[PDB]
Structures are given as structure tokens and as C-alpha cells.
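Visitor: Quick one: structure below, then a few questions.
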Amino acid sequence: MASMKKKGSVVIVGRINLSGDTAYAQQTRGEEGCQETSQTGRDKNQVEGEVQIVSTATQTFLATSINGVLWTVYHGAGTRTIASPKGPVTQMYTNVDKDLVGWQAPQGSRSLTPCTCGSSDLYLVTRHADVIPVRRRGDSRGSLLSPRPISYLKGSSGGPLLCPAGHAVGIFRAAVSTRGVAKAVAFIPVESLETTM
Ligand SMILES: COc1ccc2nc(C)c(O[C@@H]3C[C@H]4C(=O)N[C@]5(C(=O)NS(=O)(=O)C6(C)CC6)C[C@H]5/C=C\CCCCC[C@H](NC(=O)OC(C)(C)C)C(=O)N4C3)nc2c1
Ligand SMILES: [Zn+2]
């Protein structure tokens, strides 16, 4: 009992910058500082933007702020706290059945607005700041206009699918893979986030 370890916090280590005309990834914390912040849960770094790059000791993925909540996938975050300036913050939403978790959005982040356009021309944002056109094909699936090896999408779970006007349509969850090629993606629809709320 006395030696049982604690899992560390999820740590914001960068962001996907969408503020201007060029999308690009920014790193805001290196691997050593990430490891230390994960164990303490105390992250005093400035947060900006809608799409964060996040890490645990063993994985790296994305998280997206919608309606004042920073959302990501359960398969990346599990039940972990997130590091914050005052110490670890507990998830306010956890739904393993949806592969969904959420924490209160960090001070300084910006939130996306849920889409009400009813449009099926979407855009997936990856951890490399690629903006991938995706045609919506059902409630929780979309096809890539240009299929990509799954290598290209790995590490982008938790990222957004957006409509043409930049509203949030969903959270990227899984790639639909044939012979290692992603022809489609599965996502958590923003309406499911809204119901979880
Ligand atoms: C533990 O509790 C849970 C609860 C719910 C759950 N729901 C799940 C749906 C679930 O799927 C598993 C995780 C998820 C996954 O790899 N996502 C990311 C990603 O980038 N991840 S990540 O950032 O690298 C990482 C790994 C966090 C750091 C987006 C894709 C990028 C590339 C695809 C690589 C090859 C895997 C292809 C799987 N295709 C797949 O299953 O397709 C369907 C059509 C669904 C069969 C798939 O995509 N997969 C399996 N695992 C869970 C686990
Ligand atoms: Zn919209």
C-alpha cells in the first residue's frame, strides 16, 4: 500500500495555432518539463487558443475547447486530472462509452461554438496543423476527400472537426482503416458533448 504510485496529470505541451491565415503547431513545453508538470499537476504556463496539444507520461494527443470545456478522448486521458496553475483539476465530465472526457477550460483558452449549420462539408485539424477536408457521412462518421496513411492521423484524437464557418461539429475519436489507409474517421458529435453537459 505505502508504495502505490499515483498517475500523473495530463499536461498541455503546445497548441495548434488557428488565429491567422496559416495553421501551425507550437510547442510550449519540452519533454522534461512535461514530466515534472505531470507529477506535480502545477502548470503555470500561459494557455492560448482553441486546440491544445496534450501529453501524459506515455501518450500525446489533442484537446479542444467547446462551450468553456476542454474536451478530449478517454482512450488518451483515462480518468486523469489536468495540470493547472493551482494544481491538478479533476475531470468534470467522464464518459467511457463515448470515449469522452472534459475539464473546465483553462484560463486564457478560447472556445469553439457548437455548429448549428446542418452542413456536411467539414474540416479535420491534426496535431501537425494539417486541415483535412472531410465529407460528413453519418451522425458520427466522415470520409477523407484524400485518404491518408493512419500514421498521418495518429496523435490527433481529441482534435476538432469544424464546419466551413469554423464551428465545432465533433471531436476526432478513431480512424477507419483499410490496409493501413484511413479513408474515413469517426468522431464524437458536438450534440453528444452538449447532452453530456
Ligand atoms: C480505454 O477506454 C476506451 C473507451 C472508448 C474507446 N473508443 C474507441 C474508438 C477506441 O479506439 C482505439 C483508440 C482509437 C485511436 O487510435 N484514435 C486515434 C488517435 O490518434 N489516438 S492517439 O492520439 O494516437 C492515442 C492512442 C491517444 C494517444 C484517432 C486515431 C489515429 C490513427 C489510427 C491508428 C490505428 C487505430 C485505429 C482504430 N480504429 C477503430 O477502432 O475504428 C473503429 C471504426 C472504431 C473500429 C482507432 O482509431 N482507435 C482504437 N479506444 C477506446 C478506449
Ligand atoms: Zn457551422
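Quick note on naming: the chains in the C-alpha cells go A, B, ... in the order shown, residues restart at 1 in each chain, and ligands are numbered from 1 in order of appearance.
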Would you mind listing the residues within 6 Å of ligand 2, counting only C-alpha atoms and all ligand atoms, as a PyMOL selection string?
Guide: chain A and resi 115-117+163+165+167
Visitor: Residues of region 30-83 of chain A within 9 Å of region 172-183 of chain A: nearest atom pair and distance (Å, one decimal) for each, counting only C-alpha atoms, sorted by chain and number, as a Markdown table?
Guide:
| residue | atom | partner | partner_atom | distance |
| --- | --- | --- | --- | --- |
| A:72 | CA | A:172 | CA | 8.7 |
| A:73 | CA | A:173 | CA | 6.7 |
| A:75 | CA | A:173 | CA | 8.9 |
Visitor: With only C-alpha atoms and all ligand atoms as the basis for distance, which of A:196, A:55, A:65, A:107 is at the shortest distance from ligand 1?
Guide: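 Nearest candidate to ligand 1 out of A:196, A:55, A:65, A:107: A:55.
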Visitor: Could you list, as an NGL selection string, every residue within 8 Å of residue 80 (chain A), counting only C-alpha atoms and ignoring same-chain residues fewer than 6 positions away?
Guide: :A and (7-10 or 90-91)
Visitor: Could you check the closest approach to ligand 1 for each of A:29, A:127, A:44, A:135 and tell me which residue wins, using only C-alpha atoms and all ligand atoms?
Guide: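 Selected residue with least distance to ligand 1: A:127.
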Visitor: Kindly work out which residues sit at most 6 Å from ligand 1, using only C-alpha atoms and all ligand atoms, and give the list as a short mmCIF file (atom, residue, chain, number, x, y, z; two decimals) with N, CA and C atoms, in the first residue's frame.
Guide:
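out-v7.cif was written with the following content:
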data_model
loop_
_atom_site.label_atom_id
_atom_site.label_comp_id
_atom_site.auth_asym_id
_atom_site.auth_seq_id
_atom_site.Cartn_x
_atom_site.Cartn_y
_atom_site.Cartn_z
N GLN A 59 1.65 9.06 -23.68
CA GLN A 59 0.93 9.34 -24.90
C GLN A 59 0.90 10.84 -25.16
N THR A 60 0.61 11.19 -26.42
CA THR A 60 0.38 12.58 -26.79
C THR A 60 -0.78 12.62 -27.78
N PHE A 61 -1.65 13.60 -27.61
CA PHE A 61 -2.88 13.70 -28.39
C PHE A 61 -3.34 15.16 -28.33
N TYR A 74 -11.21 9.68 -23.85
CA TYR A 74 -10.91 8.81 -22.72
C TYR A 74 -9.74 7.88 -23.01
N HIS A 75 -9.59 7.43 -24.26
CA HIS A 75 -8.52 6.47 -24.54
C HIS A 75 -7.14 7.12 -24.47
N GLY A 76 -7.06 8.46 -24.45
CA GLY A 76 -5.82 9.17 -24.18
C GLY A 76 -5.69 9.58 -22.72
N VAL A 96 -16.80 6.92 -20.68
CA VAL A 96 -16.05 5.88 -21.37
C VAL A 96 -16.83 5.32 -22.55
N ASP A 97 -18.15 5.32 -22.46
CA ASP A 97 -18.96 4.77 -23.54
C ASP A 97 -18.89 5.63 -24.80
N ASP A 99 -16.08 7.55 -25.34
CA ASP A 99 -14.66 7.87 -25.44
C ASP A 99 -14.39 9.35 -25.19
N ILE A 150 -2.66 5.85 -41.86
CA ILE A 150 -3.08 6.14 -40.49
C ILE A 150 -1.98 6.84 -39.69
N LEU A 153 -2.64 10.50 -39.06
CA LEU A 153 -3.69 10.85 -38.12
C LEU A 153 -3.35 10.48 -36.68
N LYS A 154 -2.39 9.58 -36.48
CA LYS A 154 -2.03 9.13 -35.14
C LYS A 154 -1.61 10.33 -34.30
N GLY A 155 -2.17 10.41 -33.09
CA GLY A 155 -1.89 11.50 -32.20
C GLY A 155 -2.81 12.68 -32.34
N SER A 156 -3.84 12.58 -33.17
CA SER A 156 -4.76 13.69 -33.38
C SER A 156 -6.12 13.46 -32.75
N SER A 157 -6.35 12.31 -32.10
CA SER A 157 -7.58 12.14 -31.34
C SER A 157 -7.72 13.29 -30.36
N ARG A 173 -12.20 10.82 -32.87
CA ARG A 173 -12.11 9.67 -31.97
C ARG A 173 -11.31 8.51 -32.54
N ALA A 174 -11.55 8.12 -33.79
CA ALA A 174 -10.96 6.91 -34.34
C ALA A 174 -10.85 7.04 -35.85
N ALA A 175 -9.86 6.34 -36.41
CA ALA A 175 -9.71 6.26 -37.85
C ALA A 175 -10.26 4.94 -38.38
N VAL A 176 -10.94 5.01 -39.51
CA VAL A 176 -11.48 3.84 -40.19
C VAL A 176 -10.43 3.42 -41.21
#
Visitor: From chain A, collect each residue whose DSSP state is helix (DSSP H, G or I) and return the set as a list in words.
Guide: residues 31, 32, 33, 34, 35, 36, 37, 38, 39, 40, 74, 75, 76, 77, 150, 151, 152, 190, 191, 192, 193, 194, 195 and 196 of chain A
Visitor: Could you pull the residues within 6 Å of residue 69 (chain A), counting only C-alpha atoms, minus those fewer than 4 positions along the same chain, as a VMD selection string?
Guide: chain A and resid 65 103 to 105
Visitor: Write out as a short mmCIF file (atom, residue, chain, number, x, y, z; two decimals) with C-alpha atoms, in the first residue's frame each polymer residue whose atoms come within 12 Å of residue 31 (chain A), counting only C-alpha atoms; drop sequence neighbours fewer than 3 positions from it.
Guide:
data_model
loop_
_atom_site.label_atom_id
_atom_site.label_comp_id
_atom_site.auth_asym_id
_atom_site.auth_seq_id
_atom_site.Cartn_x
_atom_site.Cartn_y
_atom_site.Cartn_z
CA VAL A 11 -0.24 18.38 -19.41
CA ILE A 12 -0.74 20.99 -22.13
CA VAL A 13 2.50 20.97 -24.13
CA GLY A 14 1.54 23.10 -27.12
CA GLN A 27 5.30 23.68 -28.63
CA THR A 28 5.06 25.47 -25.29
CA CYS A 34 6.20 17.96 -19.20
CA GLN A 35 7.24 15.04 -16.98
CA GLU A 36 7.70 17.32 -13.95
CA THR A 37 4.39 19.14 -14.50
CA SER A 38 2.58 15.83 -14.86
CA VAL A 54 -1.59 17.44 -24.56
CA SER A 55 0.59 14.68 -23.14
CA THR A 56 0.75 12.07 -20.42
CA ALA A 57 3.86 10.14 -19.49
CA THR A 58 3.10 7.68 -22.26
CA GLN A 59 0.93 9.34 -24.90
CA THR A 60 0.38 12.58 -26.79
#
Visitor: Go ahead and compute the interatomic distance for CA of residue 30 (chain A) and CA of residue 171 (chain A), in Å to one decimal.
Guide: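 So the two atoms, CA of residue 30 (chain A) and CA of residue 171 (chain A), lie 25.5 Å apart.
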Visitor: Which residues are close to residue 111 (chain A), i.e. within 9 Å by only C-alpha atoms, leaving aside same-chain residues fewer than 5 positions away? Reply as a list in words.
Guide: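 These residues fall inside the cut-off: residues 49, 50, 51, 64, 65, 66, 67, 68, 69, 70 and 105 of chain A.
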Visitor: Selected residues, N, CA, C and O atoms, written as a PDB file, in the first residue's frame, please.
Guide:
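Contents of the output file out_38.pdb:
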ATOM      1  N   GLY A  49      -5.678  29.803 -27.257  1.00  0.00           N
ATOM      2  CA  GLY A  49      -6.233  29.109 -28.400  1.00  0.00           C
ATOM      3  C   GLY A  49      -7.289  28.087 -28.044  1.00  0.00           C
ATOM      4  O   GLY A  49      -7.605  27.834 -26.879  1.00  0.00           O
ATOM      5  N   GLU A  50      -7.825  27.477 -29.107  1.00  0.00           N
ATOM      6  CA  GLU A  50      -8.908  26.505 -29.021  1.00  0.00           C
ATOM      7  C   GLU A  50      -8.436  25.058 -28.972  1.00  0.00           C
ATOM      8  O   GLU A  50      -9.085  24.223 -28.330  1.00  0.00           O
ATOM      9  N   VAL A  51      -7.354  24.724 -29.667  1.00  0.00           N
ATOM     10  CA  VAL A  51      -6.891  23.348 -29.798  1.00  0.00           C
ATOM     11  C   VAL A  51      -5.538  23.239 -29.116  1.00  0.00           C
ATOM     12  O   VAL A  51      -4.570  23.878 -29.547  1.00  0.00           O
ATOM     13  N   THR A  64      -9.702  19.979 -27.239  1.00  0.00           N
ATOM     14  CA  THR A  64     -10.413  21.059 -27.911  1.00  0.00           C
ATOM     15  C   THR A  64     -11.405  21.724 -26.966  1.00  0.00           C
ATOM     16  O   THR A  64     -12.219  21.043 -26.333  1.00  0.00           O
ATOM     17  N   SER A  65     -11.363  23.053 -26.894  1.00  0.00           N
ATOM     18  CA  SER A  65     -12.269  23.795 -26.025  1.00  0.00           C
ATOM     19  C   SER A  65     -13.545  24.143 -26.786  1.00  0.00           C
ATOM     20  O   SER A  65     -13.493  24.816 -27.821  1.00  0.00           O
ATOM     21  N   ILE A  66     -14.683  23.669 -26.273  1.00  0.00           N
ATOM     22  CA  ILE A  66     -16.003  23.968 -26.808  1.00  0.00           C
ATOM     23  C   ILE A  66     -16.904  24.304 -25.620  1.00  0.00           C
ATOM     24  O   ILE A  66     -16.969  23.531 -24.656  1.00  0.00           O
ATOM     25  N   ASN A  67     -17.602  25.435 -25.684  1.00  0.00           N
ATOM     26  CA  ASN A  67     -18.540  25.844 -24.624  1.00  0.00           C
ATOM     27  C   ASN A  67     -17.890  25.901 -23.237  1.00  0.00           C
ATOM     28  O   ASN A  67     -18.513  25.525 -22.247  1.00  0.00           O
ATOM     29  N   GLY A  68     -16.639  26.346 -23.160  1.00  0.00           N
ATOM     30  CA  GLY A  68     -15.982  26.528 -21.873  1.00  0.00           C
ATOM     31  C   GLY A  68     -15.478  25.260 -21.226  1.00  0.00           C
ATOM     32  O   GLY A  68     -15.135  25.280 -20.041  1.00  0.00           O
ATOM     33  N   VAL A  69     -15.406  24.169 -21.984  1.00  0.00           N
ATOM     34  CA  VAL A  69     -14.900  22.878 -21.536  1.00  0.00           C
ATOM     35  C   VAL A  69     -13.794  22.442 -22.481  1.00  0.00           C
ATOM     36  O   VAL A  69     -13.963  22.506 -23.699  1.00  0.00           O
ATOM     37  N   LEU A  70     -12.682  21.979 -21.918  1.00  0.00           N
ATOM     38  CA  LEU A  70     -11.613  21.383 -22.705  1.00  0.00           C
ATOM     39  C   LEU A  70     -11.890  19.893 -22.797  1.00  0.00           C
ATOM     40  O   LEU A  70     -11.828  19.176 -21.789  1.00  0.00           O
ATOM     41  N   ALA A 105     -12.363  24.666 -18.988  1.00  0.00           N
ATOM     42  CA  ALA A 105     -11.380  25.193 -19.935  1.00  0.00           C
ATOM     43  C   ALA A 105     -10.361  26.076 -19.213  1.00  0.00           C
ATOM     44  O   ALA A 105     -10.739  26.893 -18.371  1.00  0.00           O
TER      45      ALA A 105
END
Visitor: Would you work out the distance separating CA of residue 15 (chain A) from CA of residue 166 (chain A), expressed in Å to one decimal?
Guide: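 Here the two named atoms are 16.8 Å from each other.
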Visitor: Which of these residues is nearest to residue 62 (chain A), using only C-alpha atoms: A:131, A:125, A:168, A:92?
Guide: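 Among the listed residues, A:125 lies closest to residue 62 (chain A).
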